[PDB]
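1. enclosed are the sequence and the experimentally obtained structure.
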Amino acid sequence: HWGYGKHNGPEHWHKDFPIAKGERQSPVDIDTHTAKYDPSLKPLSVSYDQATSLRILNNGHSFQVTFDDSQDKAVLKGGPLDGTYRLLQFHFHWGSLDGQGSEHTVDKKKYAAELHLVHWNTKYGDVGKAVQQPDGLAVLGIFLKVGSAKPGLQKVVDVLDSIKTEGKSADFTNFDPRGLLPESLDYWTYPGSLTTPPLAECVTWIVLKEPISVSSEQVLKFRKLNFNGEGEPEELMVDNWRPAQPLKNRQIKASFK
Ligand SMILES: [N]S(=O)(=O)[C][C][C][C][C]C123[B@]45[B@]67[B@@]89[C@@]1%10B81%11B698B746B814B562B%10%1143
Ligand SMILES: [Zn+2]
């Protein structure tokens, strides 16, 4: 039922998910001048050398690449985190035009898209249990700007024609998520939520300062996907982003000066 349209979009979500108006919702505007440099923050540890991608799926809200999270193969640790977080999946949010699409904003600037690498804390054993905990998930967010192509994204965009509509999926092995990362691991961090229903307040957000560049042709392939199932009226999967939510009683910390 929920989606991104006029009648079922983000302003409606609180009716099914009342935490939508809670105290630690995501995304937020990152006011770069108000973020506090915290010299006690550690460098982020991203260990993706043994990542095993499995499948790529159109879920009717975005597309996602799912990983084998049954062992510690692709993990996030360090930064603001305590313990080890396993990579479950990545997905994107994007716009109908290049001036919107990101969920987080930086001094009110919207990027063309935002990549989310979703990880869960191994202390809770499974993602279902982790979503019920205030430190259950760590999501690494990366902004996409339009310019030069990202070579490491191309394997992903080339299979999107095979998952056009909601419910389609395909085998998607040997995809290396290291090829989606920018040079710097400088980050902002704050406590927040899932940006899609159920909007659970379980996420340590880690948002990279450095965007990656993708080409117009790459982002145009995102915009050919459909929210609808095959046999329903065609509704392009664009503008699948939640807008910035109130910061309330939170401080955004920066790993860098
Ligand atoms: N946009 S985001 O905040 O990166 C989404 C983060 C969570 C994605 C993975 C999920 B959410 B809860 B638990 C796990 B199951 B249920 B719903 B289902 B989706 B998958
Ligand atoms: Zn997301």
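-> Perfect, I can see it now. Residues are numbered from 1 along each chain as shown. Ligands and ions are numbered 1, 2, ... in the order given.
2. what residues does the stretch 51-200 of the chain put near ligand 1?
-> Residues of the stretch 51-200 of the chain found near ligand 1 (C-beta under 6 Å from any ligand atom) are 116, 118, 127, 131, 139, 194-196. For every residue, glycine as well, the C-beta is placed using N, CA and C.
3. as CSV, those with neighbour count and secondary structure would be great.
-> Shown next, in CSV, are those (neighbours: other C-beta atoms under 10 Å; DSSP: H, G, I helix; E, B strand; the rest coil):
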residue, neighbour count, secondary structure
116, 23, strand
118, 22, strand
127, 18, helix
131, 17, coil
139, 23, strand
194, 21, coil
195, 24, coil
196, 21, coil
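4. give me the most central residue, the chain.
-> residue 116 (2.0 Å; C-alpha atoms, centre = their mean).
5. so what's the residue lying closest to that one once chain neighbours are set aside up against?
-> The shortest distance from residue 116 to any non-neighbouring residue, by C-beta to C-beta, 6 or more residues apart in numbering, is to residue 139 (5.3 Å). For residue 139, the contacting residues are 116-119, 203-206, by C-beta atoms under 8 Å, 6 or more residues apart in numbering.
6. the residue nearest to the centre of the chain touches residue 141, doesn't it?
-> Yes: Residue 116 is within contact range of residue 141, at 5.7 Å (criterion: C-beta atoms under 8 Å).
7. just to revisit the earlier point, got a winner among the contacts of residue 139 for most neighbours?
-> residue 119 (30 neighbours; other C-beta atoms under 10 Å).
8. that's a strand at that one, yeah?
-> Yes: per DSSP: H, G, I helix; E, B strand; the rest coil, residue 119 lies within a strand segment.
9. number of nearby residues for the residue nearest to it when sequence neighbours are not counted?
-> Counting by C-beta to C-beta, 6+ apart, residue 85 is the residue found nearest to residue 119 once chain neighbours are left out, at 3.7 Å. Residue 85 has 29 neighbouring residues, counting by other C-beta under 10 Å.
10. what's the answer for the one 10 residues further on, then?
-> A total of 21 residues lie near residue 95 under the criterion other C-beta under 10 Å.
11. and it, how close does it get to ligand 1?
-> As for residue 95, its distance to ligand 1 is 15 Å (criterion: C-beta to the nearest ligand atom, to the nearest Å).
12. residues contacting that residue?
-> 101-102, 110, 112-113, 238-239, 241.
13. filter the residues you listed down to the buried ones.
-> Neighbour counting with 16 or more other C-beta atoms under 10 Å marks 101-102, 110, 112-113, 238-239, 241 as buried within the contacts of residue 95.
14. how close does residue 153 get to residue 6?
-> Counting by C-beta to C-beta, to the nearest Å, the gap from residue 153 to residue 6 is 31 Å.
15. the two: which is more packed in?
-> residue 153 (21 against 8).
16. correct me, but the more buried one touches residue 181?
-> No: Residue 153 is beyond contact range of residue 181, at 11.1 Å (criterion: C-beta under 8 Å).
17. hmm, who's touching the helix or strand hosting residue 188?
-> Per DSSP states H and E: residue 188 is located in strand 187-192. Contact partners of strand 187-192, identified using C-beta under 8 Å, 6+ apart, comprise 24-28, 30, 35, 41, 44, 79-80, 134, 201, 203-209, 250-256.
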